[PDB]
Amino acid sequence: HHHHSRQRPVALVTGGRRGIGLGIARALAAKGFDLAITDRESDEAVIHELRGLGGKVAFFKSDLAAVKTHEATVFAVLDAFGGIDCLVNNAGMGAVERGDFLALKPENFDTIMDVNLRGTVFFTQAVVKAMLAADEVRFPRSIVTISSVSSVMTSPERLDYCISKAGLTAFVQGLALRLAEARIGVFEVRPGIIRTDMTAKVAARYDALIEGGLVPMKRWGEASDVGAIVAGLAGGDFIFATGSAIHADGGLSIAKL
């Protein structure tokens, strides 16, 4: 129960209490991963549900923006599981206030950059330190970062959100190179329009946009769509595809005229 040769691979999913992160966690548990979930607060019903899929599941309280606590969080994961095979950088937030770029406030820019970009980058640094020190490597290893189609499609009413995600796109490319000899597959997943709490406030507009054809596959994405994709990348069949970006968007980001 301390220092836990492991029989199952270990995925660390940030922001895994709900939404896309929970869909990812369910998919990884179904493919046979033990789960270390982080989030700002716990949901005991969630942990129970995930435990009903047959694997080991533990929750770790963490503010992704609090970079000074990341090393301790990674220590807690290692003490509970012995190693980390898959990191899913999922936790993130939308813009504090959508509106004219001329009204964008620096405090709001800072909040979202601190979480989505700065927090993700140094949480990844803390985990990679542990992965590179792993004495044994018996499972495929991956780092999957949930960015957004907003990395490559701009929304002028929330340029702080777009900038933070585009920064992740750049970070993934460099991280892939840094981890290539360690045989850690490094991938970017760009969700489009997914049914979660982050899109609930804009749900009516996105409804009509989806009926109008904005999304070529003409439906909302589900957290289980992103989860199936992430679990596919974490299984090891895509190791030689390190550096690839996957668009989990039903074709939304296909440029068309």
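Numbering starts at 1 and runs along the sequence shown.
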Original post:
How many missing residues of the deposited sequence lie between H4 and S5 in the entry, grouped as none, 1 to 3, 4 to 9, or 10 or more?
Top reply: 1 to 3
**OP:** Please work out which of 148-156 and 133-141 has the higher mean CA B-factor as recorded in the PDB entry.
**Re:** 133-141
Original post:
Which is higher on average in the deposited entry, the C-alpha temperature factors of 199-207 or of 65-73?
Top reply: 199-207
Original post:
According to the deposited entry, which of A36, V46, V215, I229 has the largest Cα B-factor?
Top reply: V46
Original post:
If you check the C-alpha B-factor for each of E181, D110, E97, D85 in the entry, which is highest?
Top reply: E97
Original post:
Comparing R219 with the other modelled residues of its chain, is its CA B-factor in the lowest, middle or highest third?
Top reply: middle
Subject >> B-factor third for the C-alpha atom of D225 within its chain >> reply: middle
**OP:** Grab the CA temperature factor for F81 from the record and place it in the lowest, middle or highest third of its chain.
**Re:** highest
Subject >> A103 - Cα temperature factor, lowest/middle/highest third of chain >> reply: highest
**OP:** Tell me, lowest, middle or highest third: where does the Cα B factor of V189 rank within its chain?
**Re:** lowest
